[PDB]
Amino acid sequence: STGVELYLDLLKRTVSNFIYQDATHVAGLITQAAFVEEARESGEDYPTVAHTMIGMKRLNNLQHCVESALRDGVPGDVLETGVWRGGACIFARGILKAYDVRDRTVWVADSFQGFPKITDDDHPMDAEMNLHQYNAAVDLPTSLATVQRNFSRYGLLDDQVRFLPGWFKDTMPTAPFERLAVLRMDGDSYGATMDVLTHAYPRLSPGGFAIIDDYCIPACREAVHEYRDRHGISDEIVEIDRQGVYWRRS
């Protein structure tokens, strides 16, 4: 193991808190608070303290995507839409740091208020799920200042981290990046997924990676297929774990 490999391995174990193994919130299908290795490994629990809920398999995927882009010379920044406490974005910034990359940015996009209240404009599938109901139960609303604080604890808050606070329908169309190498979508709903595909995906470079964290949710999956059909996108959808998938843009 080289210094870089050790750092990034430890950074994954730290943002997902395999080190101290915090309890999960009891919500959804999780009936007990105890830390379960297999659940944290696959990002299936709702950590009480950890900085990311995506788990080790999806952290490994993010590493693969960012490293492949760097190795192949795919131009552009990294954007995560839906960041919670910031752990996955912290990890992304750590990857760039490990390779001393000075000319790419990690964009951190969130409401910083949890899921939005349902309105009449919402897709019927989104209305039925009403994700907003879960905000407090899994401690989702996390302020911009809290996320910035978290980056600082790792020594990774600097000007290669830029924040996009607001609802995606508002922030994405005019977000000030020109190109993306990795687009990581983690907003769960048809609405959030369609907002980001519509307004950010056209800036994803050829050879770049589009990661759909929540593909197991029917509303998210519906947005993905509607978008791909509309644009004639046939790039193979590759499964990461029981939740996430990705494709590589050609």
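Residue positions are given as counts along the sequence shown, with the first one as 1.
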Q: Taking only the other compared entries that model residues on either side of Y46, decide whether it is unmodelled in at least a third of them.
A: yes
Q | At least a third of other PDB entries omit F91 | A | no
Q) Which has the higher mean CA temperature factor in the PDB entry, 167-175 or 120-128? A) 120-128
Q | Given 97-105 and 146-154, the range whose Cα B-factors average higher in the PDB entry | A | 97-105
**Q.** Maximum C-alpha temperature factor, selected from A69, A210, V224, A200
**A.** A69
Q. Which one of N135, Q160, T81, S111 shows the top CA temperature factor in the record?
A. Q160
Q: Going by the recorded CA B-factors, say which third of the chain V49 sits in, lowest, middle or highest.
A: lowest
Q) Looking at the C-alpha B-factor of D241, is it in the lowest, middle or highest third of its chain? A) middle
Q: State the tercile, meaning the lowest, middle or highest third, of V74 with respect to the CA B-factors recorded for its chain.
A: highest
Q: Using the B-factor values recorded in the entry, state whether the Cα atom of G28 falls in the lowest, middle or highest third among the modelled residues of its chain.
A: highest
Q: Quick one: classify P206 as lowest, middle or highest third of the chain based on its Cα B-factor.
A: highest
